[PDB]
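**Q** experimental structure below, sequence on top.
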Amino acid sequence: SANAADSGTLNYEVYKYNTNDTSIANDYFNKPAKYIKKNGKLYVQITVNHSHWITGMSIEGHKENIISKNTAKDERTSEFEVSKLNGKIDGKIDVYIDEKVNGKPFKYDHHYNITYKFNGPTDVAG
Ligand code: ZNH
């Protein structure tokens with residue numbers, strides 16, 4: 001990497017809200033994720049698995065930004081702003097689905113949430 005630092009694949013994960021073990025969202029988020037900074041700031045791009053299932057996501061209490069929605073490969077991405085990236089933050093997400101799962105009409109349309117977990121530097125400022 002050169003002529004464009006402040007960016008790379010940082011470690012990160014998520015967990016079931018109200019618990020401490022990922023139980024659902026963990027099956028739709030690949031890893032690791034790509035974090036990025038800008039002298040006194042930083043964000044992170046998350047990979048979205050199957051858009052037809054996940055309608056969007058939010059971290060720290062704000063919506064996400066469409067950075068790269070690939071419909072051909074069914075993979076979207078979104079950038080999130082958060083204080084550094086070494087712990088976890090209360091994020092949220094929306095979902096929307098409507099189809100028969102193997103002969104079973106499955107309806108889904110609400111605003112669920114999940115615990116985010118970033119893993120990278122911490123201070124690095126003397
Ligand atoms: C598509 C297919 C699908 C299905 C069928 C489902 C289903 C479901 C169910 C049934 C539930 C409930 C459970 C109990 O009752 O306990 C849930 C939840 C759920 N979910 Zn989900 N999902 C899904 C997807 C999904 C996704 C994609 C996501 C994102 C990533 C999610 C996220 C979720 C969450 C977060 C939750 C939690 C909510 C509660 O619990 O409240 N999810 N989910």
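**A** Received the coordinates, thanks. Numbering: from 1, shown residues only.
**Q** interface residues of this structure facing the ligand?
**A** Where the chain comes near the ligand, counting by Cβ under 6 Å from any ligand atom, the residues are 24-25, 28, 53-54, 93, 95, 97, 106, 108, 112, 114. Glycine gets a C-beta too; all of them are placed from N, C-alpha and C.
**Q** helix or strand: which one has the spatially most central residue of the chain?
**A** Most central in the chain under Cα atoms, centre = their mean is residue 46, positioned 4.1 Å from the mean C-alpha point. Per DSSP states H and E: residue 46 is located in strand 42-49.
**Q** and whichever helix or strand comes after that strand, which strands flank it?
**A** Remark: after strand 42-49, the chain's next helix or strand is strand 54-59, criterion DSSP H and E. If you go by DSSP bridges, strand 54-59 pairs up with strand 62-63 (antiparallel), strand 89-100 (antiparallel).
**Q** please name the residues that touch residue 105.
**A** Contacts for residue 105 (Cβ atoms under 8 Å, 6 or more residues apart in numbering) come out as residue 99.
**Q** ok, what's across the strand from it?
**A** Counting by DSSP bridges, residue 105 forms beta bridges with residue 100.
**Q** kindly report the same for residue 119.
**A** Where residue 119 sits in a bridge, its partners, by DSSP bridges, are residue 11, residue 86.
**Q** I'd say it and residue 85 touch.
**A** Yes - contact criterion Cβ atoms under 8 Å: residue 119 and residue 85 qualify, at 7.1 Å.
**Q** higher neighbour count, these two?
**A** Ranked by neighbour count (other Cβ atoms under 10 Å), residue 119 and residue 85 place residue 85 first, with 24 against 16.
**Q** number of nearby residues for the closest residue to that one other than its chain neighbours?
**A** Distances taken as Cβ to Cβ, 6 or more residues apart in numbering place residue 118 nearest to residue 85, at 3.3 Å, with adjacent residues excluded. Residues near residue 118, counting by other Cβ under 10 Å, number 23.
**Q** I figured residue 118 hits residue 83, correct?
**A** No - taking contacts as Cβ under 8 Å, residue 118 lies outside contact range of residue 83: 9.6 Å.
**Q** joint contacts of the two?
**A** Common neighbours of residue 118 and residue 83 (Cβ under 8 Å, 6+ apart) are residue 89.
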